[PDB]
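Below is one structure, written out as structure tokens; comments come after it.
Computed from the coordinates by the stated procedures, all read-outs in this text should not be read as laboratory data. All Cβ positions, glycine included, derive from the backbone under ideal geometry; neighbour counts span all protein chains shown.
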Amino acid sequence: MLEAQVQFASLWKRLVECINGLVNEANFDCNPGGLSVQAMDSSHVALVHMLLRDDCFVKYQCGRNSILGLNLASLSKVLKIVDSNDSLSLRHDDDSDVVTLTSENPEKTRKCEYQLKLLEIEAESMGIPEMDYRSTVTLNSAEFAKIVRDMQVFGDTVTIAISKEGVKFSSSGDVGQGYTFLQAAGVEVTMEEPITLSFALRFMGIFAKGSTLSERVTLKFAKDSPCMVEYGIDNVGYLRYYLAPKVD
Amino acid sequence: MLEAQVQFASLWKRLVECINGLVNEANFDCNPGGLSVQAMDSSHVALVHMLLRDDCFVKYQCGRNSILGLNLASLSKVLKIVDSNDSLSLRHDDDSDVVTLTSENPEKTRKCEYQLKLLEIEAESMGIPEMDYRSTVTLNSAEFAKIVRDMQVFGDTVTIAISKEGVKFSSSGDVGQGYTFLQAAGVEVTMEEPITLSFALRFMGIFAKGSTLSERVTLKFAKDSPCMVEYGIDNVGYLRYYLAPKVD
Amino acid sequence: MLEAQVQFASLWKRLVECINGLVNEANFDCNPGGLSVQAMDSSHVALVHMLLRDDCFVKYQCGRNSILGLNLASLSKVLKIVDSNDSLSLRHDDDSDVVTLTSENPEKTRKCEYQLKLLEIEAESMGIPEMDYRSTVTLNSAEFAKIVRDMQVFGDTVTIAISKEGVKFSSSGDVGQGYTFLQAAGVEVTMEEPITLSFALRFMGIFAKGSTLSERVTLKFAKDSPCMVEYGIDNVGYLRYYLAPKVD
């Protein structure tokens, strides 16, 4: 028996777009502590972790640790048609084969109910990278997203370069070469190594949809490792993406 | 020698857009009691009747009664180039092959004049049902339009249920099942008897575009009777759609 | 070498859009006088001539006459991602095979540096054919844009017709037959005789994007001659297009 009402559907909408950019279906892992979604893309290069804590909701009910597999195509299609400022209640009854979304005004004059069939999705091996990072940069989410889009005019690969002065995103291709250089303040570096890696812009792109959730974004880098980009969802959750670097 | 100056060309623009949704060509019945298009889609399932009473125009003139066949696709292309806040005089002359649109500024500094070829179109041998309709509902025209587009994510068929409590719009398909319920008395339901019919969303869709003319819309129903959907062009005319239900 | 710095990159963004419509590569002739593109379209029917004068730039060094072949496609692609409000400094060091654009933020938190390869651009065939222009006509550049967009629904050839009263742009095609007349209101016609040319609309449309650089535009005509359409950039240069008439 589960029931998670949220005040403003804005949140669910912005979130599902965010994880849908990375995967078609995923398991909604619901505990008394909150909804969790963990998922890897089909090329096993990059990973989403999303937590929404119990207090993120107006009302949250999850005695048992039930799981829900959900088609994020259908889910996304449906959230599309739900007003930003309407309330949205996700509920699964005791052994139904469908989850239900349920939507109302502030003023109760219109009520929408949608039902989605669930799916056996084999929960994956996957594995959050277990490391700690000796380099962290925080910056404006929207600026971040613009920088990936920028770099894409050049390549499929951005080269990030943290130093104590600031980060230096670079890229190359037929069009030419470009970099965008950032300076500390603005940007918040916390480095202890001239550490500089390369990544797939396709994914950085996908991750950067995170700016719909959070004015700021933190990137984290350990030498030769899966970087992390984190989007704080208020103080009541996070969106976390981990991506493998390109290596020789 | 027809002549028909509307004053704000928006009306003609917003109208043709609507009716063009349903049909590529249409005869304009031009009496001294106004203009009226009557027409069926090619799948002979859905009907438009629009009348602009002669009080509608700041200049009307139709001694005789003429029919004028028009390619609406071409009439639409010309009308998308016409500034909503301009004069728009229509005009046909005796044995003339061509009708003539003519726009002017408020401040008489810009004259535009287009010229379209008439068609011969076979006169329509279905026209109106002439029905009772004792079941009625009236709701904000944009919500109606939002709703048909919403229901379209689920299926090609909307099922409309009317009780005195309200009006439920339901739909089913691959994605899931959806419904949108509206409360009564903001919706003015008023029925004699509780009934529920089903319809092709394609056409409901087409009809909904009427939301650009009237802020409110009126639906009327009857058991195994082509429903009607009506849009008052304020008090100077109407646009009216009729659609066959889907029975088993 | 050459340095040229603009205060607001808006200018370059808006210029390269205009001239890229006509040709995908051009030579920038650079003097102490200023930057200067001059280029024909590949059918030798239309000619662009831009001048950015030395005072257009906050900073402009160019000791000797270098000539730079640039790929306007690529430049366009880069400039699309430069912010309007950032500055843009364009340098080239004398044996370098590369031009380099640099973009700083007013508050110095962000610096961007893109670099493009030069091209050996063979054709500088050229030849600004000045003649004595009898008739002039000057009008709001957006209206002119709009008029050609409109004339395009009819045909691919506009006939401009200039007289005491004003000017009549007309066109014909499968859709029908339109015209647009502008009274001498502003609209400063200032002719000597009646005069009626016709012109490819494709090109007129390419030209009409100049409306992003100048609230007004000016057309000059001469019997059996190329027209000129000029857009002035402040008092610091011009963009000037020349188009041959259709005769037959």
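Summary of values
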quantity	calculated
Residue in the stretch A:131-147 that is of a type in the set (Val, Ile, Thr), within 11 Å of another protein chain (Cβ to nearest Cβ) and under 19 Å from the mean Cα position of the chain (by Cα) present	yes
Flag if C:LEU22 is in contact with a strand residue (DSSP E or B) (Cβ under 6 Å, 6 or more places away or on another chain) and either within 23 Å of C:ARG202 (Cβ to Cβ) or in a loop (DSSP other than H, G, I, E, B) (or both)	yes
Residue match in the stretch B:148-163 (condition: under 18 Å from the mean Cα position of the chain (by Cα), within 14 Å of another protein chain (Cβ to nearest Cβ) and either crowded, with 17+ Cβ neighbours inside 10 Å or not basic (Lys, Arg) (or both))	yes
The stretch B:24-53: number of residues that are within 11 Å of the chain's Cα centre (by Cα) and of a type in the set (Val, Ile, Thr)	2
Any hit, the stretch A:58-65, residues being of a type outside the set (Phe, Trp, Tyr) and touching a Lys or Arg at 6+ places or on another chain (Cβ under 7 Å)	no
Residue that is farthest from C:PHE57 (Cα to Cα), among those in the stretch C:73-118 that are of a type in the set (A, V, I, L, M, F, W, C) and more than 23 Å from the chain's Cα centre (by Cα)	C:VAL98
Single condition A:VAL175 does not satisfy, out of (1) part of a loop (DSSP other than H, G, I, E, B); (2) within 11 Å of another protein chain (Cβ to nearest Cβ); (3) surrounded by fewer than 19 Cβ atoms within 10 Å (Cβ to Cβ)	(3)
Checking B:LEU68 against (1) under 20 Å from B:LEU213 (Cα atoms); (2) not in a loop (DSSP other than H, G, I, E, B), the condition it does not meet	(1)
Boolean, A:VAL82 is in a loop (DSSP other than H, G, I, E, B) and either in contact with a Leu (Cβ under 8 Å, 6 or more places away or on another chain) or crowded, with 21+ Cβ neighbours inside 10 Å (or both)	yes
Count - residues of the stretch C:131-145 that are charged (D, E, K, R) and in contact with a strand residue (DSSP E or B) (Cβ under 9 Å, 6 or more places away or on another chain)	2
Selection status of A:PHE207, of a type in the set (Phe, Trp, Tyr), outside any strand (DSSP E or B) and away from chain C (no Cβ under 14 Å)	yes
Number of the condition not met by B:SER103 [criteria: (1) small (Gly, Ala, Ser); (2) within 14 Å of chain A (Cβ to nearest Cβ); (3) under 30 Å from C:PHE144 (Cβ atoms)]	(2)
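Every residue, every condition in (1) within 14 Å of chain C (Cβ to nearest Cβ); (2) of a type outside the set (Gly, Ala, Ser); (3) surrounded by 16 or more Cβ atoms within 10 Å (Cβ to Cβ); (4) more than 20 Å from the chain's Cα centre (by Cα), yes or no:
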| residue | (1), (2), (3), (4) |
| --- | --- |
| A:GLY166 | yes, no, yes, yes |
| A:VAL187 | yes, yes, yes, yes |
| A:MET191 | no, yes, yes, yes |
| A:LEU197 | no, yes, yes, yes |
| A:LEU213 | no, yes, yes, no |
| A:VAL229 | no, yes, yes, no |
| A:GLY232 | no, no, yes, no |
| A:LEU239 | no, yes, yes, no |
| A:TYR242 | no, yes, yes, no |
